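Asks: Dropping in target-v6.pdb, which is PDB, C-alpha atoms:
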MODEL        1
ATOM      1  CA  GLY N   4      26.205 146.015 -65.770  1.00  0.00           C
ATOM      2  CA  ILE N   5      28.568 143.219 -66.810  1.00  0.00           C
ATOM      3  CA  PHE N   6      29.540 142.475 -63.189  1.00  0.00           C
ATOM      4  CA  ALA N   7      25.973 142.102 -61.858  1.00  0.00           C
ATOM      5  CA  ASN N   8      25.650 139.433 -59.130  1.00  0.00           C
ATOM      6  CA  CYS N   9      29.447 139.367 -58.737  1.00  0.00           C
ATOM      7  CA  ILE N  10      31.015 139.819 -55.310  1.00  0.00           C
ATOM      8  CA  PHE N  11      34.737 140.608 -55.401  1.00  0.00           C
ATOM      9  CA  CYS N  12      37.308 140.190 -52.632  1.00  0.00           C
ATOM     10  CA  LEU N  13      40.250 142.414 -53.620  1.00  0.00           C
ATOM     11  CA  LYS N  14      43.764 141.369 -52.643  1.00  0.00           C
ATOM     12  CA  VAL N  15      45.629 144.028 -54.608  1.00  0.00           C
ATOM     13  CA  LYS N  16      47.740 145.474 -51.789  1.00  0.00           C
ATOM     14  CA  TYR N  17      50.763 146.132 -54.014  1.00  0.00           C
ATOM     15  CA  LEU N  18      49.060 147.949 -56.892  1.00  0.00           C
ATOM     16  CA  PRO N  19      49.475 151.740 -57.049  1.00  0.00           C
ATOM     17  CA  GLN N  20      46.551 153.334 -55.153  1.00  0.00           C
ATOM     18  CA  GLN N  21      45.230 154.915 -58.368  1.00  0.00           C
ATOM     19  CA  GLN N  22      44.902 151.450 -59.948  1.00  0.00           C
ATOM     20  CA  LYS N  23      43.223 149.980 -56.871  1.00  0.00           C
ATOM     21  CA  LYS N  24      40.634 152.770 -56.959  1.00  0.00           C
ATOM     22  CA  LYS N  25      40.087 152.358 -60.707  1.00  0.00           C
ATOM     23  CA  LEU N  26      39.557 148.625 -60.097  1.00  0.00           C
ATOM     24  CA  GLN N  27      36.969 149.474 -57.422  1.00  0.00           C
ATOM     25  CA  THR N  28      35.166 152.126 -59.488  1.00  0.00           C
ATOM     26  CA  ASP N  29      35.216 149.859 -62.571  1.00  0.00           C
ATOM     27  CA  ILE N  30      33.596 147.095 -60.508  1.00  0.00           C
ATOM     28  CA  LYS N  31      31.089 149.380 -58.747  1.00  0.00           C
ATOM     29  CA  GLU N  32      30.105 151.347 -61.870  1.00  0.00           C
ATOM     30  CA  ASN N  33      29.276 148.053 -63.670  1.00  0.00           C
ATOM     31  CA  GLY N  34      27.016 146.332 -61.136  1.00  0.00           C
ATOM     32  CA  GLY N  35      29.657 144.599 -58.990  1.00  0.00           C
ATOM     33  CA  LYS N  36      29.913 144.314 -55.196  1.00  0.00           C
ATOM     34  CA  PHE N  37      32.797 144.180 -52.694  1.00  0.00           C
ATOM     35  CA  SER N  38      33.836 141.993 -49.772  1.00  0.00           C
ATOM     36  CA  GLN N  39      36.718 143.198 -47.567  1.00  0.00           C
ATOM     37  CA  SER N  40      37.808 139.724 -46.493  1.00  0.00           C
ATOM     38  CA  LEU N  41      37.320 136.395 -48.258  1.00  0.00           C
ATOM     39  CA  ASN N  42      34.026 134.749 -47.318  1.00  0.00           C
ATOM     40  CA  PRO N  43      31.531 132.253 -48.864  1.00  0.00           C
ATOM     41  CA  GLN N  44      29.449 135.036 -50.505  1.00  0.00           C
ATOM     42  CA  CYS N  45      32.419 136.038 -52.733  1.00  0.00           C
ATOM     43  CA  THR N  46      32.114 134.929 -56.384  1.00  0.00           C
ATOM     44  CA  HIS N  47      35.574 136.256 -57.256  1.00  0.00           C
ATOM     45  CA  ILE N  48      38.926 137.033 -55.645  1.00  0.00           C
ATOM     46  CA  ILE N  49      41.229 139.410 -57.519  1.00  0.00           C
ATOM     47  CA  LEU N  50      44.926 138.868 -56.806  1.00  0.00           C
ATOM     48  CA  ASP N  51      47.726 141.171 -57.964  1.00  0.00           C
ATOM     49  CA  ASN N  52      51.086 139.576 -58.807  1.00  0.00           C
ATOM     50  CA  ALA N  53      52.834 140.048 -55.448  1.00  0.00           C
ATOM     51  CA  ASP N  54      49.875 138.861 -53.335  1.00  0.00           C
ATOM     52  CA  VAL N  55      49.662 135.193 -52.270  1.00  0.00           C
ATOM     53  CA  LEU N  56      46.945 133.045 -50.718  1.00  0.00           C
ATOM     54  CA  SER N  57      47.355 130.619 -47.813  1.00  0.00           C
ATOM     55  CA  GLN N  58      46.341 126.965 -47.935  1.00  0.00           C
ATOM     56  CA  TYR N  59      43.405 127.938 -45.702  1.00  0.00           C
ATOM     57  CA  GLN N  60      42.339 130.597 -48.231  1.00  0.00           C
ATOM     58  CA  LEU N  61      42.759 128.197 -51.169  1.00  0.00           C
ATOM     59  CA  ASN N  62      40.650 125.555 -49.385  1.00  0.00           C
ATOM     60  CA  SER N  63      37.878 128.107 -48.743  1.00  0.00           C
ATOM     61  CA  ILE N  64      38.088 129.181 -52.383  1.00  0.00           C
ATOM     62  CA  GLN N  65      37.710 125.610 -53.647  1.00  0.00           C
ATOM     63  CA  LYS N  66      34.924 124.836 -51.186  1.00  0.00           C
ATOM     64  CA  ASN N  67      32.907 127.917 -52.072  1.00  0.00           C
ATOM     65  CA  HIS N  68      33.591 127.838 -55.844  1.00  0.00           C
ATOM     66  CA  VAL N  69      35.315 131.235 -55.777  1.00  0.00           C
ATOM     67  CA  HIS N  70      36.959 132.294 -59.063  1.00  0.00           C
ATOM     68  CA  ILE N  71      40.595 133.412 -58.663  1.00  0.00           C
ATOM     69  CA  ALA N  72      41.501 136.126 -61.191  1.00  0.00           C
ATOM     70  CA  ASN N  73      44.171 138.764 -61.857  1.00  0.00           C
ATOM     71  CA  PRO N  74      43.306 142.487 -62.417  1.00  0.00           C
ATOM     72  CA  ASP N  75      43.439 141.954 -66.203  1.00  0.00           C
ATOM     73  CA  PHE N  76      40.135 140.077 -65.926  1.00  0.00           C
ATOM     74  CA  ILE N  77      38.541 143.376 -64.840  1.00  0.00           C
ATOM     75  CA  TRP N  78      40.513 145.703 -67.155  1.00  0.00           C
ATOM     76  CA  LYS N  79      39.860 143.619 -70.280  1.00  0.00           C
ATOM     77  CA  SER N  80      36.205 142.827 -69.478  1.00  0.00           C
ATOM     78  CA  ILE N  81      35.662 146.591 -69.105  1.00  0.00           C
ATOM     79  CA  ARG N  82      37.646 147.269 -72.256  1.00  0.00           C
ATOM     80  CA  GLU N  83      35.642 144.725 -74.259  1.00  0.00           C
ATOM     81  CA  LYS N  84      32.392 145.771 -72.542  1.00  0.00           C
ATOM     82  CA  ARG N  85      31.670 142.092 -71.938  1.00  0.00           C
ATOM     83  CA  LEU N  86      32.228 139.608 -69.122  1.00  0.00           C
ATOM     84  CA  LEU N  87      35.147 137.464 -70.284  1.00  0.00           C
ATOM     85  CA  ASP N  88      36.142 133.911 -69.384  1.00  0.00           C
ATOM     86  CA  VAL N  89      37.520 134.201 -65.845  1.00  0.00           C
ATOM     87  CA  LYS N  90      39.284 130.832 -66.351  1.00  0.00           C
ATOM     88  CA  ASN N  91      41.681 132.598 -68.744  1.00  0.00           C
ATOM     89  CA  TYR N  92      42.860 134.871 -65.887  1.00  0.00           C
ATOM     90  CA  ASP N  93      43.639 132.516 -62.989  1.00  0.00           C
ATOM     91  CA  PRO N  94      47.116 133.087 -61.433  1.00  0.00           C
ATOM     92  CA  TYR N  95      46.857 129.809 -59.501  1.00  0.00           C
ATOM     93  CA  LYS N  96      46.187 127.893 -62.709  1.00  0.00           C
ATOM     94  CA  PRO N  97      47.713 129.689 -65.759  1.00  0.00           C
ATOM     95  CA  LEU N  98      46.920 128.525 -69.316  1.00  0.00           C
TER      96      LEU N  98
ENDMDL
END
For the structure just supplied, provide its representation as structure tokens.

Replies:
Amino acid sequence: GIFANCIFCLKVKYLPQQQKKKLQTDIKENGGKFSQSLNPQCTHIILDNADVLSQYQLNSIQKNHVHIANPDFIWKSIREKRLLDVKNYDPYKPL
């Protein structure tokens, strides 16, 4: 699946529960893994709009080369049936 070898930390506390679960099932059904809390094994952290990261979290992210993405990264990669450019979906560095 398109998310093989990807490990996602989900910070999507403010999404409707239905959307959170669809995010999870979309990830799991397409080869992806989950990490409850942020750790060095994470390749990705998904952040909804209302969620923020601390300086400590941002430092860990930089150190461990974690990709910060919004839920659209998942939705649109699924929709296009192809892993998209995660750099186009970074809330902490919009383009």

Asks: With a distance cut-off of 8 Å and only C-alpha atoms, select the neighbouring residues of stretch 17-20 of chain N, excluding the residue or stretch itself and same-chain residues fewer than 6 positions from it, and output the selection as a PDB file with C-alpha atoms, in the coordinates of the input.

Replies:
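Everything below was put into result24.pdb:
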ATOM      1  CA  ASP N  51      47.726 141.171 -57.964  1.00  0.00           C
ATOM      2  CA  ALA N  53      52.834 140.048 -55.448  1.00  0.00           C
ATOM      3  CA  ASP N  54      49.875 138.861 -53.335  1.00  0.00           C
TER       4      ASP N  54
END

Asks: Quick one: everything within 9 Å of residue N:69, counting all atoms listed in the file, minus sequence neighbours fewer than 5 positions away in the same chain. Send it as a CSV table (one decimal) with C-alpha atoms, in the coordinates of the input.

Replies:
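The resulting file, around.csv, is shown below:
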chain,number,residue,atom,x,y,z
N,43,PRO,CA,31.5,132.3,-48.9
N,44,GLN,CA,29.4,135.0,-50.5
N,45,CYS,CA,32.4,136.0,-52.7
N,46,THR,CA,32.1,134.9,-56.4
N,47,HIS,CA,35.6,136.3,-57.3
N,48,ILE,CA,38.9,137.0,-55.6
N,63,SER,CA,37.9,128.1,-48.7
N,64,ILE,CA,38.1,129.2,-52.4

Asks: Go ahead and compute the interatomic distance for atom CA of residue N:85 and atom CA of residue N:5, in Å to one decimal.

Replies: 6.1 Å

Asks: Write out as a PyMOL selection string each polymer residue whose atoms come within 9 Å of residue N:78, counting all atoms listed in the file; drop sequence neighbours fewer than 5 positions from it.

Replies: chain N and resi 26+29+83

Asks: Out of N:89, N:71, N:10, N:61, which residue has the shortest atom-to-atom distance to residue N:35 when counting all atoms listed in the file?

Replies: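 Nearest to residue N:35: N:10.
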
Asks: Neighbourhood query: residues within 10 Å of (26.5, 144.5, -67.3), file coordinates, counting all atoms listed in the file; return as a PyMOL selection string.

Replies: chain N and resi 4-8+32-35+81+84-86

Asks: Which distance in Å separates atom CA of residue N:30 and atom CA of residue N:57, to one decimal?

Replies: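 Distance between the two atoms: 24.9 Å.
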
Asks: Nearest residue to residue N:40 out of N:87, N:12, N:72, N:77, using only C-alpha atoms?

Replies: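 Nearest to residue N:40: N:12.
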
Asks: To one decimal place, how far is atom CA of residue N:13 from atom CA of residue N:94 in Å?

Replies: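 Between atom CA of residue N:13 and atom CA of residue N:94 the gap is 14.0 Å.
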
Asks: Write out as a ChimeraX atom specification the residues lying within 7 Å of residue N:36, counting all atoms listed in the file and excluding same-chain residues fewer than 4 positions away.

Replies: /N:9-11,31
